């Protein structure tokens, strides 16, 4: 951990916290919601140890990275803009890419816009968001699960923030991190309530120490949730702006990995997309699909060594 270097860089008009360790080919790690660079701590240690330059930023709006006030400053294009400037600062032609959750959606955009900068992509949890020309991303979600589905509830400015404020930052973070209930997260009406997890454990699961949860809390206490939530608030706008890529394919070699109990895997007809041919058709060089039994959404933390191995083995192929 100590050997993990922390710096602040100027990228795409913002100041970004980058955590770094190691030397060798760059592995760029993109975290998700509601996480931080810390989410990758085990992978940063492992990959650095194994002869790679591990790079894990706090994305725009998270942690120690600048958080622009405008909701519209949170399109996929803004975030990829940040990452392309970062990659230039690293002074390399290509990176290996590893991404989870919202970080993975941004990863898909990076691969869409600049496949030639990504040598291989280890994608966790969220597979490519297929652009259906007939229905916007969040509309499809609302049709399927109605208004209290979490993404839907995330859309209105300031609301989810106040609800989360009411139950407390630590409650929210524990509530989400500990969830193992499959299926669509549907909230109780008008409040956070049990949120993503109606069955919170008394003690943290063995992959998450009190110091880990405390780190997350210490940053979210400071930044709040606005920036991270803003990502979801641009999903329809992202659907509009990505029209030029409608019907396109991703050429970057991909290894997809998900926990079997991931709410993502277990909803939105994801299984059908992932396994039924659609994912492979959008992404012709999808080489492997790994489902981790008895592993929840946060698979890079819950199954850290296993993911470390899957990443190492995959990138060393090249």
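Residue numbers count along the first chain shown, from 1.
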Quiz item: If you average the CA temperature factors over each stretch, which comes out higher, 278-286 or 63-71?
Solution: 278-286
Quiz item: 104-112 versus 89-97: which one carries the higher mean Cα B factor per the record?
Solution: 89-97
Quiz prompt | Among 207, 216, 231, 121 - the residue whose C-alpha B-factor is largest in the record | solution = 216
Practice problem: Quick one: classify residue 270 as lowest, middle or highest third of the chain based on its Cα B-factor. | Solution: highest
Quiz item: residue 174's Cα B-factor: lowest, middle or highest third of the chain?
Solution: middle
Quiz item: C-alpha B factor of residue 195, ranked within the chain: lowest, middle or highest third?
Solution: middle
Quiz item: Which third, lowest, middle or highest, does the CA B-factor of residue 302 fall in along this chain?
Solution: lowest
Exercise. Within this chain's modelled residues, let me know which third the CA B factor of residue 222 belongs to: lowest, middle or highest.
Key: highest
